[PDB]
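Protein chains: 2
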Amino acid sequence: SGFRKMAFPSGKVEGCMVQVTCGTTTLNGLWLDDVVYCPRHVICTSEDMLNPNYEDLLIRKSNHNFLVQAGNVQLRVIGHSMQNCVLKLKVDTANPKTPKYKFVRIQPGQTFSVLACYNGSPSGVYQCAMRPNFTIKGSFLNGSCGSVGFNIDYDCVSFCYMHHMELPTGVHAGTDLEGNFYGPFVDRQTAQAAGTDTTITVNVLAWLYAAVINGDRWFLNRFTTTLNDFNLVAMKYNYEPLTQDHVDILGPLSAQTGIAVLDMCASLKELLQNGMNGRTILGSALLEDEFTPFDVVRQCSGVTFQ
Amino acid sequence: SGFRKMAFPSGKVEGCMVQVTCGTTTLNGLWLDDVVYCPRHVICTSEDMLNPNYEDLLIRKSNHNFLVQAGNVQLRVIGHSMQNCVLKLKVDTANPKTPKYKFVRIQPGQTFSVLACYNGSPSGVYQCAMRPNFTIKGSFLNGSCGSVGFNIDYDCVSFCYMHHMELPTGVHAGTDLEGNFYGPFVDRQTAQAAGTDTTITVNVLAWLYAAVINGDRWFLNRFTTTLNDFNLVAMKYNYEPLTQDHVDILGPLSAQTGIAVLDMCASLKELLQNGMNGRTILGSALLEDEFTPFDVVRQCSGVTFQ
Ligand SMILES: *C(=N)[C@H](C[C@@H]1CCNC1=O)NC(=O)[C@H](CC(C)C)NC(=O)c1cc2c(OC)cccc2[nH]1
Ligand SMILES: *C(=N)[C@H](C[C@@H]1CCNC1=O)NC(=O)[C@H](CC(C)C)NC(=O)c1cc2c(OC)cccc2[nH]1
Numbered sequence: 001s002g003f004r005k006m007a008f009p010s011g012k013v014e015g016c017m018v019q020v021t022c023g024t025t026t027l028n029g030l031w032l033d034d035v036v037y038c039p040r041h042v043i044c045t046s047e048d049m050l051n052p053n054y055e056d057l058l059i060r061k062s063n064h065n066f067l068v069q070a071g072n073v074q075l076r077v078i079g080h081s082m083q084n085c086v087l088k089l090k091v092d093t094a095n096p097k098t099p100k101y102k103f104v105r106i107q108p109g110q111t112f113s114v115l116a117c118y119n120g121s122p123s124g125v126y127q128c129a130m131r132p133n134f135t136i137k138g139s140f141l142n143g144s145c146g147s148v149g150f151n152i153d154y155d156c157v158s159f160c161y162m163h164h165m166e167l168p169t170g171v172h173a174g175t176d177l178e179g180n181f182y183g184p185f186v187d188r189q190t191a192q193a194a195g196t197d198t199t200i201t202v203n204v205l206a207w208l209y210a211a212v213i214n215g216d217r218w219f220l221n222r223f224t225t226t227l228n229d230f231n232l233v234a235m236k237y238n239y240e241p242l243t244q245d246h247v248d249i250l251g252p253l254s255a256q257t258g259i260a261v262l263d264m265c266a267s268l269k270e271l272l273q274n275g276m277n278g279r280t281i282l283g284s285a286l287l288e289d290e291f292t293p294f295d296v297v298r299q300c301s302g303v304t305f306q
Numbered sequence: 001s002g003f004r005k006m007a008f009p010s011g012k013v014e015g016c017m018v019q020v021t022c023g024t025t026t027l028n029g030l031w032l033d034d035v036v037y038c039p040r041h042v043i044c045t046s047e048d049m050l051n052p053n054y055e056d057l058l059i060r061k062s063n064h065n066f067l068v069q070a071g072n073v074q075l076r077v078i079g080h081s082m083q084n085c086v087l088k089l090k091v092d093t094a095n096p097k098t099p100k101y102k103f104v105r106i107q108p109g110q111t112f113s114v115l116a117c118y119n120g121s122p123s124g125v126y127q128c129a130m131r132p133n134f135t136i137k138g139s140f141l142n143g144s145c146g147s148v149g150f151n152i153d154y155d156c157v158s159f160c161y162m163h164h165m166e167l168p169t170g171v172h173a174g175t176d177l178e179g180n181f182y183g184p185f186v187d188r189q190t191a192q193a194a195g196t197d198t199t200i201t202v203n204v205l206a207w208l209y210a211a212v213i214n215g216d217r218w219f220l221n222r223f224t225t226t227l228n229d230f231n232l233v234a235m236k237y238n239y240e241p242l243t244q245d246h247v248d249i250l251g252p253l254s255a256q257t258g259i260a261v262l263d264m265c266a267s268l269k270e271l272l273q274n275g276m277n278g279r280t281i282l283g284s285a286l287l288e289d290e291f292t293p294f295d296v297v298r299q300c301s302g303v304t305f306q
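Top line first, the protein sequences correspond to chains A and B. Under the entry's author numbering, the residue at position 274 of the first sequence is numbered 274, and the numbers go up by one with no gaps. Under the entry's author numbering, the residue at position 121 of the second sequence is numbered 121, and the numbers go up by one with no gaps.
Okay, here's the thing in structure tokens:
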């Protein structure tokens, strides 16, 4: 029993983090096989940062301008290339700890673990959601760039995120491991706006099912609703429209708890309209939206990895 | 910027988790050097837990009744002993992945990372506090006993917790790695009460300092108070009394934010008396008490380990 924001064990990723230095700037990179992946702004100087021409800054640099070290081991760089917003440095030695791995572009509302790193060394791990406006609510300081987010499916690490910037509002933005930003952001020292963020309805409902599985049941009611009528209440309170694909995803949970999806929608509707009344669900006074239905199912059925 | 409940990177601990089988029952153990540590109730049969005589169940068992598996490697058991509520299995081979480590008995209000495991393999990691009533608010299913809690200081893992039971109210209890329970709990299927749980006042203030560091400042006020006067407010509201030791520990944070401890107590008093008014602090509608002052400084100044 109990239910926590839980991250994936980070052993397989800690083994891949290295420090990458170019001139003054140091950040993190990801060492897999014979390639190190790192954010490309490692090649900026404190002036050229307000609008860099990265194709023309990469030209002033040769391999040996790139200092890569795994722990105290220095790696020899034997090639370098730019793909979108990441640099890829070919190194002489292939990471003996390379896990079996995939590169995956994640979808809004999906969750992943972040291993926050500084100077190539892990500091901590936490779970995160890719918000609908393509930001994440993380904990990142100077030097954190190159930190990666990931999921683990059995033995396979799915890398989905590399960290690149903090926006004005204090949320975070970054790329997939192909260097393509999530969202409309660019890697330049400019003030960029994220759009308005809705709440992930399908996740809030999966959390209500976790609550019920764990004994927390005061929010259950006698009522019902329809997908279209609840969706009017979702608009008003800034929740993503709920779809029949979402309904289908909540079904194994609906079928474990004996509570049909649309009656759980009805319980939610009434929490949105009247609030919680100073009570709590799974220890929270707010509606939590960073658990996918998969997360709820992993944590209530006990899925392992190694 | 940002602030999350972060766990320590779990790599050094994953290398130590193994499976321990005694008849029908399988749970987790901790392999360090040539010794495996696991909860002694691995030797109970599904009947005997209501009142076990552990010395007399442990006598019916020989080395070879204990099957240890580290991944797929079966370890040979060459000795066994009971120390308080933990079994110690002497195995022929020393764990090649043994980190530098100590066993530590932590104090109420200190935090630690939990690596939750099943069948000897890691499922996930989250951060936890030892409540004042010596329980923890975790996420543990059947098979999770033997999961351990730990802190990392640079290169040394400090093991502080091994998981043994869930109480009626759905909180959790366990031992230090010498097998002594935190709290008044015993390892038998009996009706056991956690005491009344107070809130960890020194941690709530540490979270308010974190909030201010990160821009959340709306709870700051013009008023002040005294140590004895706020403590009258802490009693009524179920908070542990604040001491000048606590003041002294909150001082480096008071000196980073330019806010003396007693002015921050004053902000808290009025949150306790008036609520939050539908607002949030660091994304929470509740007052968080599972960040120690140390945790706040680790996360706001970016401390690393590996
Ligand atoms: C990576 N090391 C760092 C991570 C930030 C540091 C502070 N918290 C983070 O998450 N990234 C950056 O510093 C990034 C570098 C560019 C060249 C890609 N810049 C920013 O992240 C940045 C610029 C900025 C402005 O205008 C300059 C205004 C508000 C916020 C902001 N953030
Ligand atoms: C260990 N593998 C397991 C962990 C539990 C499983 C369910 N959630 C957990 O945390 N421990 C036990 O099953 C433990 C066995 C020993 C201590 C004999 N028993 C309990 O944890 C337990 C007994 C109990 C009773 O019986 C009076 C009543 C309410 C709750 C409860 N929990």
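C-beta: ideal position from N, C-alpha, C; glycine also.
beta-carbon residue i near ligand 1 non-hydrogen atom, thresh 8 Å
i        : result
A:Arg188 : yes
A:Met165 : yes
A:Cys145 : yes
A:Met49  : yes
A:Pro122 : no
A:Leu27  : yes
A:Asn142 : yes
B:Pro52  : no
A:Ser81  : no
B:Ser254 : no
Cβ-heavy atom distance, residue i to ligand 2, below 8 Å
i        : result
B:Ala191 : yes
B:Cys44  : yes
B:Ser301 : no
A:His41  : no
B:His172 : yes
B:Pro132 : no
B:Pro184 : no
B:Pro96  : no
Of the residues the options, the one placed nearest residue i, counting alpha carbons only
i        : options                                   : result
B:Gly71  : B:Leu268, B:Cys117 and B:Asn63            : B:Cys117
A:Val20  : A:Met49, A:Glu55, A:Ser10 and A:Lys88     : A:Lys88
B:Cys128 : B:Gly120, B:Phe150 and B:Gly146           : B:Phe150
A:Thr175 : A:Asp34, A:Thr169, A:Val186 and A:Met162  : A:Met162
A:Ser113 : A:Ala285, A:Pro9 and A:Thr280             : A:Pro9
B:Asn180 : B:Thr304, B:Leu32 and B:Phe103            : B:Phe103
B:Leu30  : B:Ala210, B:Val91, B:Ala173 and B:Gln192  : B:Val91
B:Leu141 : A:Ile281, A:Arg4 and A:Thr225             : A:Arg4
B:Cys38  : B:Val247, B:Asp245 and B:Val86            : B:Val86
A:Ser284 : A:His246, A:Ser301, A:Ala211 and A:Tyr239 : A:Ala211
A:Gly275 : B:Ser144, B:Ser254 and B:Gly278           : B:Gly278
A:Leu271 : A:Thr93, A:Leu220, A:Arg188 and A:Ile59   : A:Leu220
Whole-number beta carbon distance between residue j and residue i, since they are thought to touch under 8 Å
i        : j        : result
B:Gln110 : B:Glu178 : About 17 Å; that fails the 8 Å criterion.
A:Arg105 : A:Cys160 : 7 Å
B:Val202 : B:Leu167 : Actually they do not touch by this definition, with Cβ atoms about 25 Å apart.
B:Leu242 : B:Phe230 : 7 Å
A:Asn119 : B:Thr304 : 7 Å
A:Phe134 : A:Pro108 : 7 Å
B:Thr280 : B:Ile213 : Incorrect: roughly 16 Å between the Cβ atoms, too far for contact.
A:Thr225 : A:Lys269 : 6 Å
For residue i, the residue or residues it bridges with in DSSP
i        : result
B:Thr175 : B:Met162 and B:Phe181
A:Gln74  : A:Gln69
A:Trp31  : A:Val36
B:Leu115 : B:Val125 and B:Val148
B:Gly79  : B:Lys90
B:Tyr101 : B:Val157
B:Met17  : B:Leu30
B:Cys22  : B:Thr25 and B:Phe66
B:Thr199 : B:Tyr239
A:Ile136 : A:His172
B:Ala211 : B:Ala211 pairs with nothing; no bridge assigned.
A:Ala7   : B:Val125
Using Cβ-Cβ distances below 7 Å, what residues of the region 124-137 of chain B are close to chain A? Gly124, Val125, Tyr126 and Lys137
When Cβ atoms are compared, which residues of the region 6-18 of chain A fall closer than 8 Å to chain B? Listed in sequence order: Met6, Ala7, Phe8, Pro9, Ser10, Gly11, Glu14 and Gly15.
Residues of the region 163-185 of chain B whose Cβ lies closer than 8 Å to any Cβ of chain A, in chain order: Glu166, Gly170, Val171 and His172
Which residues, taken in chain order from the region 278-301 of chain A, show a beta carbon closer than 9 Å to some beta carbon of chain B? In summary, the residues of the region 278-301 of chain A whose CB is separated from some CB of chain B by less than 9 Å are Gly278, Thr280, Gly283, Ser284, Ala285, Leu286, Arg298, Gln299, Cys300 and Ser301, in the order they occur in the chain.
Which residues, in chain order, does the region 102-116 of chain A contribute to contact with chain B at a C-beta distance below 8 Å? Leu115 and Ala116
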